[PDB]
């Protein structure tokens, strides 16, 4: 018999993910069906989003050869029925206070930093780059969490050294670029560009570096349709563009310029978005989401 979620201690709330203590050495990492757009957690959940993103993370953990925090199978008996398929039993780590970001393409705050300074996170780049320009080699563009509402702050390699040590910073940089490169090539082979990605790592009892959190989800990574990749313009979000377009379209009644919370989504937009998540998962993994476990 699976335990109730109420049997575990809630330790951390993200906007979209939850974390619970299972015992002294294990956590329960829970994805919800909540979706964020324009830095708002929207009223309307995307059905099965938590399950699909959990399935995606599990796929990529298996694709990569590096140590990760998974501590049991997706149907581990310690996982409550209520969160089955969207929760993982993981090893408790000492988390390193660095957002480990790799960028294979120049967009978002990376592009903005470049347009302001000619550099991103200490990397002085060629002149003449622009929106969605390919970056070769991919860049390690680390960041640190800021206050509750604020975006992460981009920092350079020296900042990472000061946070975790010189040898460890080297290790973070190398592993971040290595696993990003591997996953990005895999996805592109299936017609999806992983434009960038954000990792969190922790350290286990033996001092080993361990990949944690979620990996290569469309929340942790910019997913693009490769078939429509066009450097020089903003690429559509593979998963979130229907949501973005509706929210900023004539039917929402919402003004994004106002920092007022957005209205709920049409059911059909939520269902369409769910479909996009399933398509991305199935294309990348070569698996069927209908086989993924659930309540």
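Residue numbers count along the first chain shown, from 1.
Which has the higher mean CA temperature factor in the PDB entry, 225-233 or 247-255?
Averaged over C-alpha atoms, the B-factors run higher in 247-255.
Per the PDB record, is the mean Cα temperature factor higher over 13-21 or over 272-280?
Of 13-21 and 272-280, the stretch with the higher C-alpha B-factor average is 13-21.
Between 204, 76, 99, 196, which carries the biggest CA temperature factor in the record?
If I rank 204, 76, 99, 196 by C-alpha B-factor, first place goes to 204.
Taking the values straight from the PDB record, which of 182, 134, 173, 151 has the highest C-alpha temperature factor?
If I rank 182, 134, 173, 151 by C-alpha B-factor, first place goes to 151.
Determine, from the deposited record, the chain-internal third of the Cα B-factor for residue 186: lowest, middle or highest.
As the PDB entry reports it, the C-alpha B-factor of residue 186 lands in the lowest third of its chain.
Taking only the Cα B-factors deposited for this chain, tell me whether residue 55 sits in the lowest, middle or highest third.
Its C-alpha B-factor belongs to the middle third of this chain's values.
Would you please rank residue 242 by its C-alpha temperature factor against the other modelled residues of its chain and give the third it falls in: lowest, middle or highest?
Tercile = middle for this residue's CA B-factor.
Is the Cα B-factor recorded for residue 219 in the lowest, middle or highest third of its chain?
Middle third.
Sort the modelled residues of this chain by their C-alpha B factor and say whether residue 113 lands in the lowest, middle or highest third.
As the PDB entry reports it, the C-alpha B-factor of residue 113 lands in the lowest third of its chain.
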